[PDB]
$ cat final.cif   # mmCIF, C-alpha atoms
data_data
#
loop_
_atom_site.label_atom_id
_atom_site.label_comp_id
_atom_site.auth_asym_id
_atom_site.auth_seq_id
_atom_site.Cartn_x
_atom_site.Cartn_y
_atom_site.Cartn_z
CA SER I 2 109.98 130.69 94.37
CA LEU I 3 107.37 130.25 97.05
CA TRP I 4 108.19 126.67 96.08
CA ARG I 5 110.80 124.26 97.40
CA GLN I 6 110.01 121.58 94.82
CA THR I 7 109.44 123.17 91.39
CA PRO I 8 105.86 122.30 90.44
CA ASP I 9 105.66 119.73 87.65
CA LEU I 10 102.09 119.61 86.40
CA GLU I 11 102.43 116.17 84.81
CA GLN I 12 103.58 114.58 88.03
CA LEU I 13 101.01 116.53 90.02
CA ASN I 14 98.25 115.17 87.81
CA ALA I 15 99.73 111.69 87.61
CA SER I 16 99.93 111.47 91.41
CA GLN I 17 96.15 111.68 91.63
CA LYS I 18 95.69 108.16 90.21
CA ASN I 19 93.34 106.06 92.37
CA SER I 20 92.31 109.01 94.55
CA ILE I 21 89.29 111.32 94.59
CA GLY I 22 91.07 113.96 92.47
CA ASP I 23 91.26 111.50 89.59
CA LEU I 24 87.66 110.43 90.08
CA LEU I 25 86.39 114.03 89.99
CA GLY I 26 88.49 115.18 87.05
CA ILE I 27 90.69 117.62 88.97
CA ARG I 28 93.52 118.93 86.80
CA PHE I 29 96.52 121.00 87.85
CA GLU I 30 96.65 123.67 85.13
CA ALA I 31 99.31 126.29 85.89
CA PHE I 32 101.69 127.78 88.38
CA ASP I 33 103.91 130.78 88.87
CA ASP I 34 106.27 132.08 91.55
CA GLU I 35 103.46 132.69 94.02
CA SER I 36 100.45 130.57 93.04
CA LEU I 37 99.23 127.14 91.92
CA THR I 38 96.08 126.65 89.81
CA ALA I 39 93.81 123.63 89.35
CA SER I 40 90.37 123.11 87.85
CA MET I 41 87.50 120.63 88.06
CA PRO I 42 84.48 119.87 85.85
CA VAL I 43 81.00 120.94 86.90
CA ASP I 44 78.95 117.92 85.84
CA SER I 45 77.25 114.83 87.28
CA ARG I 46 80.52 113.80 88.96
CA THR I 47 80.46 116.98 91.06
CA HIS I 48 76.80 118.11 91.14
CA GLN I 49 74.56 117.92 94.18
CA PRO I 50 71.06 116.49 93.54
CA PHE I 51 69.61 119.80 92.25
CA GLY I 52 72.15 120.05 89.44
CA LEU I 53 74.43 122.69 90.96
CA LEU I 54 78.10 122.22 91.88
CA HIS I 55 78.17 120.52 95.32
CA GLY I 56 79.72 122.89 97.88
CA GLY I 57 81.75 119.97 99.17
CA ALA I 58 83.25 119.40 95.72
CA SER I 59 84.44 123.01 95.81
CA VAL I 60 86.16 122.12 99.07
CA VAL I 61 87.69 118.94 97.55
CA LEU I 62 89.24 121.09 94.79
CA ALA I 63 90.46 123.63 97.35
CA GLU I 64 91.96 121.02 99.73
CA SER I 65 93.52 119.04 96.86
CA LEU I 66 95.11 122.22 95.59
CA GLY I 67 96.32 123.53 98.96
CA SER I 68 97.55 120.12 100.14
CA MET I 69 99.60 119.82 97.01
CA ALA I 70 100.89 123.35 97.39
CA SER I 71 102.06 122.50 100.94
CA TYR I 72 103.74 119.33 99.70
CA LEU I 73 105.73 121.45 97.24
CA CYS I 74 106.80 123.79 100.05
CA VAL I 75 108.04 121.40 102.77
CA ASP I 76 111.16 119.27 103.15
CA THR I 77 109.52 116.02 102.06
CA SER I 78 112.43 113.92 103.33
CA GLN I 79 111.47 114.90 106.87
CA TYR I 80 107.88 116.17 106.85
CA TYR I 81 104.46 115.52 105.45
CA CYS I 82 101.41 117.77 105.58
CA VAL I 83 97.83 117.00 106.54
CA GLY I 84 94.70 119.14 106.52
CA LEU I 85 93.98 120.64 109.92
CA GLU I 86 91.16 123.13 109.34
CA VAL I 87 89.27 124.26 106.27
CA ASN I 88 86.53 126.83 105.73
CA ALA I 89 84.74 128.26 102.69
CA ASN I 90 82.12 130.81 101.69
CA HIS I 91 79.93 129.67 98.81
CA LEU I 92 79.41 132.82 96.75
CA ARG I 93 77.70 131.83 93.48
CA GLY I 94 76.18 128.62 92.11
CA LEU I 95 77.61 126.88 89.05
CA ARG I 96 75.79 124.44 86.75
CA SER I 97 78.25 123.61 83.96
CA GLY I 98 81.69 124.33 82.53
CA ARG I 99 84.63 124.08 84.92
CA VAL I 100 85.51 125.70 88.21
CA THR I 101 89.07 127.02 88.55
CA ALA I 102 90.85 127.42 91.88
CA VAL I 103 93.99 129.49 92.52
CA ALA I 104 96.01 128.97 95.73
CA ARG I 105 98.22 131.67 97.25
CA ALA I 106 100.14 131.53 100.54
CA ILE I 107 99.01 133.51 103.55
CA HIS I 108 101.55 132.08 105.98
CA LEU I 109 104.08 129.26 105.77
CA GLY I 110 105.09 128.68 109.39
CA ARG I 111 107.24 125.87 110.79
CA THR I 112 104.33 123.79 112.03
CA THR I 113 101.33 125.13 110.03
CA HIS I 114 100.60 126.55 106.54
CA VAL I 115 97.65 128.75 105.71
CA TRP I 116 96.45 128.98 102.10
CA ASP I 117 94.06 131.42 100.42
CA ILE I 118 92.11 129.64 97.68
CA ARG I 119 89.89 131.50 95.19
CA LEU I 120 87.44 129.69 92.89
CA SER I 121 85.50 130.98 89.89
CA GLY I 122 83.41 129.51 87.10
CA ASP I 123 84.12 129.99 83.42
CA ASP I 124 82.43 133.40 83.48
CA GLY I 125 85.24 134.60 85.75
CA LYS I 126 83.01 135.61 88.68
CA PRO I 127 83.99 134.50 92.22
CA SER I 128 82.09 131.32 93.11
CA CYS I 129 83.74 130.23 96.33
CA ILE I 130 86.54 131.39 98.63
CA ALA I 131 88.30 128.97 100.97
CA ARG I 132 91.04 129.25 103.56
CA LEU I 133 92.96 126.09 104.42
CA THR I 134 95.19 125.37 107.41
CA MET I 135 97.65 122.52 106.99
CA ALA I 136 99.64 120.83 109.76
CA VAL I 137 103.33 120.10 109.09
CA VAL I 138 104.08 116.70 110.69
CA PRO I 139 107.43 114.84 111.09
CA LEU I 140 107.66 111.52 109.21
CA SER C 2 60.12 116.14 114.85
CA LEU C 3 62.91 118.52 114.01
CA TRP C 4 61.64 117.46 110.59
CA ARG C 5 58.94 118.92 108.37
CA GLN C 6 59.20 116.14 105.79
CA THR C 7 59.59 112.75 107.51
CA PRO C 8 62.96 111.40 106.36
CA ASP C 9 62.63 108.48 103.95
CA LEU C 10 66.02 106.87 103.56
CA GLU C 11 65.18 105.15 100.27
CA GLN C 12 64.19 108.39 98.61
CA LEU C 13 67.14 110.20 100.18
CA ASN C 14 69.51 107.66 98.70
CA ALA C 15 67.67 107.44 95.39
CA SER C 16 67.82 111.23 94.97
CA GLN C 17 71.61 111.06 94.79
CA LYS C 18 71.56 109.44 91.34
CA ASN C 19 73.89 111.24 88.89
CA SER C 20 75.42 113.44 91.60
CA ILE C 21 78.64 113.29 93.60
CA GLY C 22 76.95 111.50 96.52
CA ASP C 23 76.23 108.53 94.27
CA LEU C 24 79.74 108.60 92.83
CA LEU C 25 81.35 108.56 96.28
CA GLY C 26 79.11 105.91 97.81
CA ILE C 27 77.36 108.16 100.32
CA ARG C 28 74.48 106.36 102.04
CA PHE C 29 71.82 107.81 104.32
CA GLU C 30 71.70 105.25 107.15
CA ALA C 31 69.41 106.41 109.95
CA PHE C 32 67.45 109.20 111.52
CA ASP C 33 65.61 110.06 114.69
CA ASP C 34 63.66 113.02 116.05
CA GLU C 35 66.74 115.22 116.24
CA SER C 36 69.41 113.85 113.90
CA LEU C 37 70.16 112.44 110.43
CA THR C 38 73.03 109.99 109.78
CA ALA C 39 74.92 109.15 106.58
CA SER C 40 78.13 107.29 105.82
CA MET C 41 80.74 107.08 103.07
CA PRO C 42 83.43 104.54 102.15
CA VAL C 43 87.09 105.28 102.82
CA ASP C 44 88.71 103.87 99.68
CA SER C 45 90.22 104.97 96.36
CA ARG C 46 87.04 106.93 95.55
CA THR C 47 87.62 109.17 98.58
CA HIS C 48 91.37 108.92 99.34
CA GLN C 49 93.86 111.71 98.76
CA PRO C 50 97.12 110.65 97.04
CA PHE C 51 98.77 109.37 100.27
CA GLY C 52 96.00 106.86 100.92
CA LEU C 53 94.16 108.73 103.68
CA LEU C 54 90.58 109.99 103.51
CA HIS C 55 90.66 113.34 101.62
CA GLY C 56 89.62 116.15 103.97
CA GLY C 57 87.43 117.50 101.20
CA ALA C 58 85.56 114.20 100.98
CA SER C 59 84.76 114.59 104.68
CA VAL C 60 83.28 117.95 103.76
CA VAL C 61 81.29 116.44 100.84
CA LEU C 62 79.71 113.97 103.29
CA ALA C 63 79.01 116.76 105.78
CA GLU C 64 77.49 119.14 103.19
CA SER C 65 75.46 116.36 101.55
CA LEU C 66 74.09 115.42 104.93
CA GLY C 67 73.35 118.95 106.15
CA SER C 68 71.90 120.08 102.81
CA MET C 69 69.54 117.17 102.90
CA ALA C 70 68.66 117.85 106.51
CA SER C 71 67.76 121.46 105.57
CA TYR C 72 65.65 120.24 102.65
CA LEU C 73 63.65 118.11 105.10
CA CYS C 74 63.10 121.12 107.35
CA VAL C 75 61.89 123.82 104.94
CA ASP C 76 58.63 124.42 103.10
CA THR C 77 59.82 123.01 99.78
CA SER C 78 56.84 124.47 97.90
CA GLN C 79 58.24 127.93 98.57
CA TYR C 80 61.92 127.60 99.49
CA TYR C 81 65.10 125.83 98.59
CA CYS C 82 68.37 125.76 100.52
CA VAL C 83 71.93 126.31 99.36
CA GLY C 84 75.24 126.08 101.19
CA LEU C 85 76.43 129.47 102.41
CA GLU C 86 79.42 128.72 104.64
CA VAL C 87 81.11 125.53 105.76
CA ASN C 88 84.03 124.84 108.08
CA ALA C 89 85.66 121.72 109.51
CA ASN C 90 88.41 120.57 111.85
CA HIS C 91 90.19 117.43 110.68
CA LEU C 92 90.83 115.49 113.88
CA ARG C 93 92.11 112.02 112.92
CA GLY C 94 93.15 110.35 109.67
CA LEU C 95 91.26 107.36 108.26
CA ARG C 96 92.59 104.77 105.80
CA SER C 97 89.80 102.22 105.38
CA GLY C 98 86.34 101.18 106.51
CA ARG C 99 83.63 103.84 106.40
CA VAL C 100 83.24 107.27 107.90
CA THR C 101 79.88 108.04 109.54
CA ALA C 102 78.48 111.55 109.91
CA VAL C 103 75.64 112.61 112.23
CA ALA C 104 73.91 115.98 111.72
CA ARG C 105 72.14 117.86 114.53
CA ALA C 106 70.54 121.30 114.37
CA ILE C 107 72.15 124.29 116.06
CA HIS C 108 69.72 126.88 114.73
CA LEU C 109 66.91 126.79 112.19
CA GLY C 110 66.20 130.47 111.49
CA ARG C 111 63.92 131.94 108.83
CA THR C 112 66.71 132.77 106.40
CA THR C 113 69.63 130.54 107.57
CA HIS C 114 70.15 127.07 109.11
CA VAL C 115 73.22 126.05 111.06
CA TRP C 116 74.08 122.35 111.39
CA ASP C 117 76.53 120.56 113.68
CA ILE C 118 78.02 117.56 111.90
CA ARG C 119 80.16 114.95 113.67
CA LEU C 120 82.19 112.32 111.77
CA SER C 121 83.95 109.21 113.04
CA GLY C 122 85.60 106.15 111.55
CA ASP C 123 84.59 102.59 112.31
CA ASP C 124 86.62 102.64 115.54
CA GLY C 125 84.17 105.25 116.87
CA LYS C 126 86.77 107.98 117.48
CA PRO C 127 86.02 111.54 116.26
CA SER C 128 87.67 112.07 112.86
CA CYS C 129 86.23 115.39 111.75
CA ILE C 130 83.80 118.02 113.04
CA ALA C 131 82.05 120.40 110.66
CA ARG C 132 79.61 123.27 111.05
CA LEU C 133 77.47 124.16 108.05
CA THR C 134 75.47 127.32 107.37
CA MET C 135 72.70 127.02 104.80
CA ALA C 136 70.83 129.89 103.15
CA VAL C 137 67.03 129.56 102.82
CA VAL C 138 66.11 131.06 99.42
CA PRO C 139 62.63 131.71 97.87
CA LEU C 140 61.89 129.70 94.71
#

$ encode --input "final.cif" --output "structure tokens"
Amino acid sequence: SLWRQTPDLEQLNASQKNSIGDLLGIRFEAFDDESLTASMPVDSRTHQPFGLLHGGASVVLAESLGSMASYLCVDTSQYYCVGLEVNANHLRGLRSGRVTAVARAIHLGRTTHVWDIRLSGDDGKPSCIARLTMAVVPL
Amino acid sequence: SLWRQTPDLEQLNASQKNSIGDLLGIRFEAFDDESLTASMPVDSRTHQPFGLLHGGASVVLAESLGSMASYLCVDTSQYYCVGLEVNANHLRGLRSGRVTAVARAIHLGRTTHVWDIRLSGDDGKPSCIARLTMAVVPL
């Protein structure tokens, strides 16, 4: 209901083929009227050299999730969306399991979208918070 | 000379084994007295679904580079460094070639480090700018 295109998790996941989301094991898991959820493994694909989840990989999950959320909110026959600005606080380290990100809208303007993205490990504790600004660009 | 540990590009690259840097093809390329440089391919490993460099992958390169820069600046027998906050402006899209990131220090404090990280594609034009805040934590 936030959504223009009704999210279809199969197509969301399928669309990742031959892109970093596929390579890192990102999976779109759920959605409702006001949020979209995706997760990613915490393993050697996403670790930094000390064996913790790479802070950048948290940002890949957040930008994948928010970029897809924007795509489901715009008129795709006339517009596409690109990342404009992203920021994140790294709150807790993760070593294994999966990290789950939930995106909610802060503002869907005509020319920019701002997304609130909350990540947590399998213990449910906040691990990262991101805010993503997307630009809406005419095709 | 910014550096405590003299950067050794072979060991920097070798240390990425079984981590996301290895998976994405990140390579530490150069250093001097005040900067450290690494690059990453722009291909299917790092694209988003529309065939452009994923904004998150830019952030992986930036955080890999800055995290390593911090590691070379602290007393590693007593401290380690973790990402605390990261932000980036996505300036231009890239489709192919490599993206090159250069890290310079803004502030190396006792408990935090702040890094300025500039990325550009092979045409030399700015593609992303990031600023990274690292926490210095006692072992």

$ closest_residue --input "final.cif" --among "C:31, C:137, C:102, C:131" --to "chain I" --atoms "all atoms listed in the file"
C:131

$ resolve_selection --input "final.cif" --expression "the PyMOL selection byres ((chain I and resi 12) around 12)" --output "number ranges by chain"
I: 6-11, 13-18, 28-30, 69, 73; C: 50

$ interface_residues --input "final.cif" --of "chain I" --to "chain C" --cutoff "9 Å" --atoms "only C-alpha atoms" --output "PyMOL selection string"
chain I and resi 16-25+44-52+55-65+83-92+94

$ calpha_fit_and_write --input "final.cif" --fixed "chain I" --moving "chain C" --output "tab-separated table (two decimals) with C-alpha atoms, in the frame of the given file"
chain	number	residue	atom	x	y	z
C	2	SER	CA	109.97	130.68	94.37
C	3	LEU	CA	107.37	130.25	97.05
C	4	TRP	CA	108.19	126.67	96.08
C	5	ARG	CA	110.80	124.26	97.40
C	6	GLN	CA	110.01	121.59	94.82
C	7	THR	CA	109.44	123.17	91.39
C	8	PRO	CA	105.86	122.30	90.44
C	9	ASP	CA	105.65	119.73	87.65
C	10	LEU	CA	102.10	119.61	86.40
C	11	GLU	CA	102.44	116.17	84.81
C	12	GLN	CA	103.59	114.58	88.03
C	13	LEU	CA	101.00	116.53	90.02
C	14	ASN	CA	98.25	115.18	87.81
C	15	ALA	CA	99.73	111.69	87.61
C	16	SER	CA	99.93	111.47	91.42
C	17	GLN	CA	96.14	111.67	91.62
C	18	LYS	CA	95.69	108.16	90.21
C	19	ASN	CA	93.33	106.05	92.37
C	20	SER	CA	92.30	109.01	94.55
C	21	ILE	CA	89.29	111.32	94.59
C	22	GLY	CA	91.07	113.96	92.47
C	23	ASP	CA	91.26	111.50	89.59
C	24	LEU	CA	87.65	110.43	90.08
C	25	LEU	CA	86.39	114.02	89.99
C	26	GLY	CA	88.48	115.18	87.05
C	27	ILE	CA	90.69	117.61	88.97
C	28	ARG	CA	93.52	118.94	86.80
C	29	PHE	CA	96.52	121.00	87.85
C	30	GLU	CA	96.65	123.68	85.13
C	31	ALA	CA	99.31	126.28	85.89
C	32	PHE	CA	101.69	127.78	88.38
C	33	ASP	CA	103.90	130.78	88.87
C	34	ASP	CA	106.27	132.08	91.54
C	35	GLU	CA	103.46	132.69	94.01
C	36	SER	CA	100.45	130.57	93.05
C	37	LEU	CA	99.23	127.13	91.93
C	38	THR	CA	96.07	126.66	89.81
C	39	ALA	CA	93.81	123.63	89.35
C	40	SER	CA	90.37	123.11	87.85
C	41	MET	CA	87.50	120.63	88.06
C	42	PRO	CA	84.49	119.87	85.85
C	43	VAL	CA	81.00	120.94	86.90
C	44	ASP	CA	78.95	117.92	85.84
C	45	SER	CA	77.25	114.83	87.28
C	46	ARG	CA	80.52	113.80	88.97
C	47	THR	CA	80.46	116.98	91.07
C	48	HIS	CA	76.80	118.10	91.14
C	49	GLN	CA	74.56	117.92	94.18
C	50	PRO	CA	71.06	116.49	93.55
C	51	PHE	CA	69.61	119.81	92.24
C	52	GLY	CA	72.16	120.04	89.44
C	53	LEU	CA	74.44	122.69	90.96
C	54	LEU	CA	78.09	122.22	91.87
C	55	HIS	CA	78.17	120.52	95.32
C	56	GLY	CA	79.72	122.88	97.88
C	57	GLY	CA	81.75	119.97	99.17
C	58	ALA	CA	83.25	119.40	95.72
C	59	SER	CA	84.44	123.02	95.81
C	60	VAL	CA	86.16	122.12	99.06
C	61	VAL	CA	87.69	118.94	97.54
C	62	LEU	CA	89.24	121.09	94.79
C	63	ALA	CA	90.46	123.63	97.35
C	64	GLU	CA	91.96	121.02	99.72
C	65	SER	CA	93.52	119.04	96.86
C	66	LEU	CA	95.11	122.22	95.59
C	67	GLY	CA	96.32	123.53	98.96
C	68	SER	CA	97.55	120.12	100.14
C	69	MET	CA	99.60	119.82	97.01
C	70	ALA	CA	100.89	123.35	97.39
C	71	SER	CA	102.06	122.51	100.95
C	72	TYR	CA	103.74	119.33	99.70
C	73	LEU	CA	105.74	121.45	97.25
C	74	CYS	CA	106.81	123.78	100.05
C	75	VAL	CA	108.05	121.40	102.76
C	76	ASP	CA	111.16	119.27	103.15
C	77	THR	CA	109.52	116.02	102.06
C	78	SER	CA	112.43	113.92	103.34
C	79	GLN	CA	111.47	114.90	106.87
C	80	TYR	CA	107.88	116.17	106.84
C	81	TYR	CA	104.46	115.52	105.44
C	82	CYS	CA	101.40	117.76	105.58
C	83	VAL	CA	97.82	117.00	106.54
C	84	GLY	CA	94.70	119.15	106.52
C	85	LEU	CA	93.98	120.65	109.93
C	86	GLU	CA	91.16	123.13	109.34
C	87	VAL	CA	89.27	124.26	106.27
C	88	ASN	CA	86.53	126.83	105.73
C	89	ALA	CA	84.74	128.26	102.70
C	90	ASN	CA	82.13	130.81	101.68
C	91	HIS	CA	79.93	129.67	98.80
C	92	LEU	CA	79.41	132.82	96.75
C	93	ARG	CA	77.69	131.83	93.48
C	94	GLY	CA	76.18	128.62	92.11
C	95	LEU	CA	77.61	126.88	89.05
C	96	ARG	CA	75.79	124.44	86.75
C	97	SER	CA	78.25	123.61	83.97
C	98	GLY	CA	81.68	124.33	82.53
C	99	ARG	CA	84.63	124.08	84.92
C	100	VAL	CA	85.51	125.70	88.20
C	101	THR	CA	89.07	127.02	88.55
C	102	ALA	CA	90.85	127.42	91.88
C	103	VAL	CA	93.99	129.49	92.52
C	104	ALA	CA	96.00	128.97	95.73
C	105	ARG	CA	98.22	131.68	97.26
C	106	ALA	CA	100.14	131.52	100.53
C	107	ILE	CA	99.01	133.52	103.56
C	108	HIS	CA	101.55	132.07	105.98
C	109	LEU	CA	104.08	129.26	105.77
C	110	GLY	CA	105.09	128.67	109.40
C	111	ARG	CA	107.24	125.87	110.79
C	112	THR	CA	104.33	123.78	112.03
C	113	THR	CA	101.32	125.13	110.03
C	114	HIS	CA	100.60	126.54	106.54
C	115	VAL	CA	97.65	128.74	105.71
C	116	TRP	CA	96.45	128.98	102.09
C	117	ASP	CA	94.06	131.41	100.42
C	118	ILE	CA	92.11	129.65	97.69
C	119	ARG	CA	89.90	131.50	95.19
C	120	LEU	CA	87.44	129.69	92.89
C	121	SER	CA	85.50	130.97	89.89
C	122	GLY	CA	83.41	129.51	87.10
C	123	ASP	CA	84.12	129.99	83.42
C	124	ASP	CA	82.43	133.40	83.48
C	125	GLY	CA	85.25	134.60	85.75
C	126	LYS	CA	83.01	135.61	88.68
C	127	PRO	CA	84.00	134.50	92.22
C	128	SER	CA	82.09	131.32	93.11
C	129	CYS	CA	83.75	130.23	96.33
C	130	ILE	CA	86.55	131.39	98.63
C	131	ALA	CA	88.29	128.97	100.97
C	132	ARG	CA	91.04	129.25	103.56
C	133	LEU	CA	92.96	126.09	104.42
C	134	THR	CA	95.19	125.37	107.41
C	135	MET	CA	97.66	122.52	106.99
C	136	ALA	CA	99.64	120.83	109.76
C	137	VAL	CA	103.34	120.10	109.09
C	138	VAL	CA	104.07	116.70	110.69
C	139	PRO	CA	107.44	114.84	111.09
C	140	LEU	CA	107.66	111.52	109.21

$ atom_distance --input "final.cif" --atom1 "CA of residue 37 in chain I" --atom2 "CA of residue 136 in chain I"
18.9 Å

$ atom_distance --input "final.cif" --atom1 "CA of residue 2 in chain C" --atom2 "CA of residue 27 in chain C"
23.9 Å

$ resolve_selection --input "final.cif" --expression "the PyMOL selection byres ((chain C and resi 36) around 6)" --output "tab-separated table (two decimals) with C-alpha atoms, keeping the file's coordinate frame"
chain	number	residue	atom	x	y	z
C	32	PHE	CA	67.45	109.20	111.52
C	33	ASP	CA	65.61	110.06	114.69
C	35	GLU	CA	66.74	115.22	116.24
C	37	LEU	CA	70.16	112.44	110.43
C	104	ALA	CA	73.91	115.98	111.72
C	105	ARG	CA	72.14	117.86	114.53

$ residues_around --input "final.cif" --residues "residue 109 in chain I" --least-positions-apart "6" --cutoff "9 Å" --atoms "all atoms listed in the file" --output "list in words"
residues 71, 74, 115 and 116 of chain I

$ resolve_selection --input "final.cif" --expression "the PyMOL selection byres ((chain I and resi 79) around 6)" --output "PyMOL selection string"
chain I and resi 76-78+80+139-140

$ write_last_selection --input "final.cif" --atoms "C-alpha atoms" --output "short mmCIF file (atom, residue, chain, number, x, y, z; two decimals), in the frame of the given file"
data_model
loop_
_atom_site.label_atom_id
_atom_site.label_comp_id
_atom_site.auth_asym_id
_atom_site.auth_seq_id
_atom_site.Cartn_x
_atom_site.Cartn_y
_atom_site.Cartn_z
CA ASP I 76 111.16 119.27 103.15
CA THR I 77 109.52 116.02 102.06
CA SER I 78 112.43 113.92 103.33
CA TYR I 80 107.88 116.17 106.85
CA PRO I 139 107.43 114.84 111.09
CA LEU I 140 107.66 111.52 109.21
#

$ closest_residue --input "final.cif" --among "I:41, I:100, I:70, I:138" --to "residue 113 in chain I" --atoms "only C-alpha atoms"
I:138

$ closest_residue --input "final.cif" --among "I:110, I:67, I:125, I:26" --to "residue 95 in chain I" --atoms "all atoms listed in the file"
I:125

$ atom_distance --input "final.cif" --atom1 "CA of residue 126 in chain I" --atom2 "CA of residue 101 in chain I"
10.5 Å

$ decode --input "final.cif" --residues "range 45-61 of chain I" --atoms "N, CA, C and O atoms" --output "CSV table (one decimal), in the first residue's frame"
chain,number,residue,atom,x,y,z
I,45,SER,N,32.0,-16.3,5.1
I,45,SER,CA,33.2,-15.9,4.4
I,45,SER,C,32.9,-15.0,3.2
I,45,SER,O,33.8,-14.2,2.8
I,46,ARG,N,31.7,-15.1,2.6
I,46,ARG,CA,31.3,-14.2,1.5
I,46,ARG,C,31.2,-12.7,2.0
I,46,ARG,O,31.3,-11.8,1.2
I,47,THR,N,30.8,-12.5,3.2
I,47,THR,CA,30.5,-11.2,3.8
I,47,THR,C,31.4,-10.8,4.9
I,47,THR,O,31.2,-9.6,5.4
I,48,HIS,N,32.3,-11.6,5.4
I,48,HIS,CA,33.2,-11.2,6.5
I,48,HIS,C,34.2,-10.2,6.0
I,48,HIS,O,34.6,-10.2,4.9
I,49,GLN,N,34.7,-9.4,7.0
I,49,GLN,CA,36.0,-8.7,6.8
I,49,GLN,C,37.1,-9.6,7.2
I,49,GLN,O,36.9,-10.8,7.7
I,50,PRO,N,38.4,-9.2,7.1
I,50,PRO,CA,39.5,-10.2,7.4
I,50,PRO,C,39.5,-10.7,8.9
I,50,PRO,O,40.1,-11.8,9.1
I,51,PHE,N,38.9,-10.1,9.8
I,51,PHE,CA,38.9,-10.5,11.2
I,51,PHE,C,37.8,-11.4,11.6
I,51,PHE,O,37.6,-11.8,12.7
I,52,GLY,N,37.0,-11.8,10.6
I,52,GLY,CA,35.9,-12.8,10.8
I,52,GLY,C,34.6,-12.2,11.3
I,52,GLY,O,33.7,-12.9,11.7
I,53,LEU,N,34.5,-10.9,11.2
I,53,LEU,CA,33.2,-10.2,11.6
I,53,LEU,C,32.5,-9.8,10.3
I,53,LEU,O,33.2,-9.6,9.2
I,54,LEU,N,31.2,-9.6,10.3
I,54,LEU,CA,30.5,-9.0,9.1
I,54,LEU,C,31.1,-7.7,8.7
I,54,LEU,O,31.2,-6.8,9.6
I,55,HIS,N,31.5,-7.6,7.5
I,55,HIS,CA,32.1,-6.4,6.9
I,55,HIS,C,31.0,-5.3,7.0
I,55,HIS,O,29.8,-5.5,6.6
I,56,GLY,N,31.3,-4.1,7.5
I,56,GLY,CA,30.4,-3.0,7.6
I,56,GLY,C,29.8,-2.6,6.2
I,56,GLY,O,28.7,-2.2,6.1
I,57,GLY,N,30.7,-2.7,5.2
I,57,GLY,CA,30.2,-2.5,3.8
I,57,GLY,C,29.2,-3.4,3.3
I,57,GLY,O,28.3,-3.1,2.5
I,58,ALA,N,29.3,-4.7,3.8
I,58,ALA,CA,28.3,-5.7,3.4
I,58,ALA,C,26.9,-5.4,4.0
I,58,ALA,O,25.9,-5.6,3.4
I,59,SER,N,26.9,-4.8,5.2
I,59,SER,CA,25.7,-4.3,5.8
I,59,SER,C,25.1,-3.3,4.9
I,59,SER,O,23.9,-3.2,4.7
I,60,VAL,N,25.9,-2.4,4.4
I,60,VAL,CA,25.5,-1.3,3.5
I,60,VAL,C,25.0,-1.9,2.1
I,60,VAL,O,24.0,-1.4,1.6
I,61,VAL,N,25.6,-2.9,1.6
I,61,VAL,CA,25.1,-3.6,0.4
I,61,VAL,C,23.7,-4.1,0.6
I,61,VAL,O,22.8,-3.9,-0.2
